[PDB]
Amino acid sequence: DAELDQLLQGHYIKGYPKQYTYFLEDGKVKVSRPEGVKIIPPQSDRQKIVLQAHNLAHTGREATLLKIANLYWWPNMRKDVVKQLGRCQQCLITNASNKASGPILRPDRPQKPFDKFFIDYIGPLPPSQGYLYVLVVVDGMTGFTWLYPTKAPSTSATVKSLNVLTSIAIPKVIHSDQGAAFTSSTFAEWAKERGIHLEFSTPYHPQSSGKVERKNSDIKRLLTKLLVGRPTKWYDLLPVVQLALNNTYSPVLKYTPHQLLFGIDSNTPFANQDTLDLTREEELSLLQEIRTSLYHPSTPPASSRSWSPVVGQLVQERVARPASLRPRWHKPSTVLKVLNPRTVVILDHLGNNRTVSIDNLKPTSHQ
Amino acid sequence: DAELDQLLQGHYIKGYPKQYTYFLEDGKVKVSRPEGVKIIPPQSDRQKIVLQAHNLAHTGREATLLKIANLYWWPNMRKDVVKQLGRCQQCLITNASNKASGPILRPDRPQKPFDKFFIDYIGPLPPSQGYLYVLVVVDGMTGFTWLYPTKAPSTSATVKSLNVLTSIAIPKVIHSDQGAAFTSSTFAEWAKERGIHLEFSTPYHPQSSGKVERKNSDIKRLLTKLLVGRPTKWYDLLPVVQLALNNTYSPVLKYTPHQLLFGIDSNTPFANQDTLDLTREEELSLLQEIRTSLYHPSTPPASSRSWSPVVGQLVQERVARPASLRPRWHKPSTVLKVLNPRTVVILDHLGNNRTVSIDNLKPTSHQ
Amino acid sequence: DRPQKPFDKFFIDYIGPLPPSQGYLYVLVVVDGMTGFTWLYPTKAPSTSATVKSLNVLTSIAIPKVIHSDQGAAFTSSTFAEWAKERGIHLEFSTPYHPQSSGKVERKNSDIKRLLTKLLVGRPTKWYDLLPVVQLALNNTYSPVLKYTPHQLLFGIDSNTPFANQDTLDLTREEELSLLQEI
Amino acid sequence: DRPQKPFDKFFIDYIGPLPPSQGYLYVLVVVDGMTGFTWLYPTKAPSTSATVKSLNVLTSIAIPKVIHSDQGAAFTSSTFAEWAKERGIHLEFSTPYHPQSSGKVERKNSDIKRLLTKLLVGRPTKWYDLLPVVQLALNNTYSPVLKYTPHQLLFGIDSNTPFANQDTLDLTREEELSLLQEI
DNA sequence: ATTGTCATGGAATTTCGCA
DNA sequence: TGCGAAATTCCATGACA
DNA sequence: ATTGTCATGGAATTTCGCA
DNA sequence: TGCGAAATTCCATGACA
Ligand SMILES: N=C1c2cccnc2N(O)C(=O)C1C(=O)NCc1ccc(F)cc1F
Ligand SMILES: N=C1c2cccnc2N(O)C(=O)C1C(=O)NCc1ccc(F)cc1F
Ligand SMILES: [Mg+2]
Ligand SMILES: [Mg+2]
Ligand SMILES: [Mg+2]
Ligand SMILES: [Mg+2]
Ligand SMILES: [Zn+2]
Ligand SMILES: [Zn+2]
């Protein structure tokens, strides 16, 4: 009343423009605007009005305002609408984002073979000799790949396979996703005994294991072709596929993974013979030159409406396995640390510290 | 021998450049090229060589050639490589496309309400009062939506629901996807009795039902918000959601679906009162003007490497539910007729005529 | 005064008891005062419960400012008054033993009674399935006073089911014989 | 003549019978002639079948131009000759009762025998689990003649497991007592 | 015999209130 | 005929199994 | 406490063979 | 110092649950 009382008798109040006539009718303050006659409610009623309008269908900014504007007018209406949108917990956790993640990082290729392994499971596949899964191990520098058939994606099967592989050489780092076989304490114990550092992808983000994921595509693609018009007896083909892909050229690199690992082809079909007259030491010198000069891609352009995380920003983590008719986002959390433009630590909805990809985050709307 | 015999003694043959010296060694014709000494095989051996190289890992153009080039050289090698790629059935049906579909059509909004209904099922949902599914019916012109809970996505439940809906008005056209409830002869019989033309999406392409699919998003989104912190008792909320969405403004249109259907708000909260002093005939005249002047989007720009179908072109249909380690594409088929830039008829792998979206097609590589 | 509009006033009344048709015995008739548009809902009883269930379906499509009815028990109950208050619907009652609405509505309720009677005879237990085609007929009937049908006044378009062949609506002499036989 | 290279010549031979270790009784030894790199495969018998199974694992990593062996039954069989022909592998045999390979390979096969013996004593049924660490030890052993280890010559890099603490390789006097006790 | 759609909230652009 | 702020329009983003 | 990847085949660009 | 054709490089597209 107090603010609107002075308006009726004729005095100026900031926010209310002077050129329109404000009057009283049916016990309510009104104003004649170009759209029509609108009611000016008192300051103390506006939060309730904005909420009643929003809660009809939990609409966003413009759709909520268009409801209010049918009856009411007051100064800076969208400011009060946006204030309620940022306080509505149901909208914040249910609505989708409309800001894309920032552009992807292209991390440096590991300098040497056995610097970093990328491991992952494929499966379940059709039963072949009692086996359902395939452990795939990809050397990061070379792309050289080892395949191991298993009956389950277990820690015990991972350890048995890697004991065979590590007969050739021990890696510095093994990178894996957060599958159960790789996160168990038995596997961490196995890695510490051998001086192997275990590196883990952020959760629910197979991009981060992209080296081995992309190899899984090639493995399945070749197996599919070899099994056309045949029963899917893939167990006997894993050695053939392993050898075939390890000796397949990458057109952008001009080398096979075998060549990047050994510096010379073995007795396979169409073996390259360019280094026949060189000694092995001369051959290994050319190999060190080839390894350092390989093509490496750069971060692509950001999309026109991307976001990058800032310390202290309110963000929301995606729900992992969201049930039917349940929100797709967790409640707002705060960015503690920015590890890189695509990776952050957050103070989670539970209270724990959690390391996540921004692909599984949205910035909370309306600040 | 015949062609290569004249080459050794010194005569010129087209394809073989003169400036290099061709010689015989170990019973094989050879040539000294900048890369090194390569073997020139006779014409009759080259198809076998290209096939042996390709079949190692069923590689594409450059990766296959890089194998051959280690040992051999002859004129226009990639031409013989591409010839074998287009004949390899396993590669054609297993490999992915690298050409995007042409840009989407934005078909005209139906001129009048009840010109075209879009119907579809949501579900299964969590059991609520014994009900698992929701039939969603969207009027194309207005966006006005009817919701009906069902126990199964059946023809019998569709008919019972639409008998209730068609008490208000009969539509000219009902558009649906090829789900079992809508393709059965019982449903076609029900539509012919009432003079309703049944229109069907191309298979496995819910884009084509995009009007009702997009409404399904809004229905589930609002239900999710209303059920936060509660058991998912969605049966009692369907009437509330129906009314809430039918009276929600579209920011780009500036109207609610209720307003586009009736031309005046009913006794709902925040009812628009701009046409209070008009008669109904004056109101309906303004409604006809509003319906014709609604915003309509246009076809977006084509991506830089899109394809559009041509009559007689070899194309391949996507496999619907492809089993593990089986090809993702059917064998090549021919485009009989181009219904629009995004829709074609093809002479199928079986022999039948089939109407499909180009989103479920790739152009066969290597002609 | 403001021109009359759709959803200003719904006129409701029960017809029945009718012969059983798939469990249902009565018909709740709802007529929009301005347009003459008719909604028909079958019910098992003329109760407040059955009225609230049927009108909850209608009011998920459109809510009237006023509902008008006679002083029937289902409409004068405190439960129905509470239902109407929750939705901002004013209830309006005619005087006991003096039912009044409007000429357009009176003649529409007349049409409904006689059209139901004419289709009841011959198949008196199968009127539940015919309620859709009854509504379409009623709502695509040409108005003598106004130029347009109820469908045209509500939606502002022509219908896809115009009823040009105007049914006679009176009973034929053979239909009077079979109607007089039972009850 | 062309300089010697990895995968030019694999030298294979069986060691055994050994005491049982998780079902296995023999060890197929494969040594690359140029690098000295060693692969060890446990087998249940010195048969062609067991040789083909173990070498199918190795030849899915790398195929030699030549395999060299003594005239053992498993290597002179027509099945093994057919296996080698399918993969383009030339087979090469030493004269009966006069086994010869190369100084580097002879000394490598010597190292393998003595390193296995030294780890066998004390735990003679648990050598299957130790075959990985045996290979790593052998393949990261400094070569006197050449400057580099087998790992360095095969991959062209330093290893993540250098064995700087060179094991004595001879048996201690206490290990001779426990070795002489059993057999 | 057929075809994407549109709510969302920051940003870009236009309009408003006043002079 | 021009300014600062508010109001409106623009439109990339993402999800409908 | 961490991060996309790369085979594919038309198109765009460069190199080759000859003059 | 320039032409037509071949060879090479470019790079958008799509799929790794
Ligand atoms: N969900 C997965 C998963 C879950 C639990 C354990 N392991 C998993 N692995 O290994 C996966 O590959 C998963 C997966 O979705 N892969 C598909 C995929 C999508 C996007 C992308 F950039 C790369 C990419 F491989
Ligand atoms: N697969 C579906 C389906 C299958 C059988 C029957 N009905 C189906 N319906 O109704 C679907 O909506 C399906 C579906 O995948 N929807 C997701 C989706 C993806 C892309 C898009 F542009 C729109 C869009 F709705
Ligand atoms: Mg995984
Ligand atoms: Mg994976
Ligand atoms: Mg469907
Ligand atoms: Mg759908
Ligand atoms: Zn909300
Ligand atoms: Zn192929």
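In what follows, chains are A, B, ... by sequence order, proteins preceding strands, each numbered from 1. Below, each value reflects all heavy atoms present in this structure, side chains not excepted, and no hydrogens, waters or symmetry copies.
Nearer to the 5' terminus of DNA chain E, by closest-nucleotide assignment, is the contact made by B:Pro203 (compared with the other of B:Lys211 and B:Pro203). Position along DNA chain G of the nearest nucleotide to A:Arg106 versus B:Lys99 favours A:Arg106 as the more 5'-ward residue. Comparing B:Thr364 and A:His175, the nucleotide of DNA chain G nearest to each residue sits closer to the 5' end for A:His175.
At a threshold of 4.0 angstrom between heavy atoms, the contacts of A:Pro341 with the nucleic acid are absent. Here A:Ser208 lies in heavy-atom contact (under 4.0 Å) with sugar-phosphate atoms only. Residue contacts for B:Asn76: at a heavy-atom cut-off of 4.0 Å it reaches the sugar-phosphate backbone alone, with no base atom in range. Among the atoms of the strands shown, only primed sugar atoms or phosphate atoms (P, OP1, OP2) are found under 4.0 Å from some heavy atom of B:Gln19. Backbone-only engagement by B:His58 is indicated by non-hydrogen atom pairs under 4.0 Å involving sugar-phosphate atoms exclusively. Among the heavy atoms of the strands lying under 4.0 Å from A:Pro251 is at least one base atom, whether or not backbone atoms are also near. At the heavy-atom level, B:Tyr295 lies nowhere under 4.0 Å from the strands shown. As judged by a 4.0 angstrom heavy-atom cut-off over every strand, B:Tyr20 is placed among residues touching the sugar-phosphate backbone only. If you check every strand for non-hydrogen atoms under 4.0 Å, A:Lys254 touches sugar and phosphate atoms only. As judged by a 4.0 angstrom heavy-atom cut-off over every strand, A:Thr248 is placed among residues making no nucleic acid contact. Note on A:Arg354: nothing from the nucleic acid sits closer than 4.0 angstrom, heavy atoms only. If you check every strand for non-hydrogen atoms under 4.0 Å, A:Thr355 touches a base. Residue B:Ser209 is out of contact with every strand shown, counting any heavy-atom pair closer than 4.0 Å.
The base of E:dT8 is paired with the side chain of A:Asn98 by a donor and an acceptor separated by under 3.5 Å. With hydrogens and angles left out, the side chain of B:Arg305 and the base of H:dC11 share a donor-acceptor pair within 3.5 Å. For A:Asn340 against G:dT2, a side-chain-to-base donor-acceptor contact under 3.5 Å is present. The base of G:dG10 is paired with the side chain of B:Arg61 by a donor and an acceptor separated by under 3.5 Å.
Helical stems in DNA chain G, defined as runs of 3 or more consecutive Watson-Crick or G-U wobble pairs with both donor-acceptor distances under 3.5 Å, are listed by first residue as G:4-19 with H:1-16.
In this structure, H:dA17 is classed as syn because its glycosidic torsion stays within 90° of zero.
Listed pair A:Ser365 / E:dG10 meets the phosphate criterion, a side-chain N or O lying under 4.0 Å from OP1 or OP2. Dashed line: the shortest gap from a side-chain N or O of B:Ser303 to OP1 or OP2 of H:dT13 is under 4.0 Å.
Among G:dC18, G:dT8, H:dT13, the nucleotide with an atom closest to any side-chain atom of B:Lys18 is G:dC18. Comparing E:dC18, G:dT2, E:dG4 against the side chain of A:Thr202 picks out G:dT2 as the nearest.
Looking only at distances, no side-chain donor or acceptor of A:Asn352 sits under 3.5 Å from a matching main-chain atom of A:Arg354. Between the side chain of A:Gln178 and the main chain of A:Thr202, no donor-acceptor pair closer than 3.5 Å is present. Side-chain N or O atoms of A:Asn360 include one that pairs as donor or acceptor with a backbone N or O of A:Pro203 at under 3.5 Å.
A salt bridge is absent between A:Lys215 and A:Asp218: the closest approach of a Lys/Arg side-chain nitrogen to an acidic carboxylate oxygen does not fall below 4.0 angstrom. A salt bridge between A:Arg342 and A:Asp359 is present, with a side-chain N of the basic residue lying under 4.0 Å from a carboxylate O of the acidic one.
Checking B:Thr343 against B:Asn340 by side-chain atom types alone, a donor-acceptor pair falls below 3.5 Å.
Annotated groove for A:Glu62 is the major groove, based on a side chain to base atom distance under 5.0 Å.
Residues satisfying the side-chain contact (heavy atoms from CB on, under 4.5 Å) test with A:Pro363, not counting sequence neighbours, are A:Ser97, A:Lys99, A:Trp307, A:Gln313.
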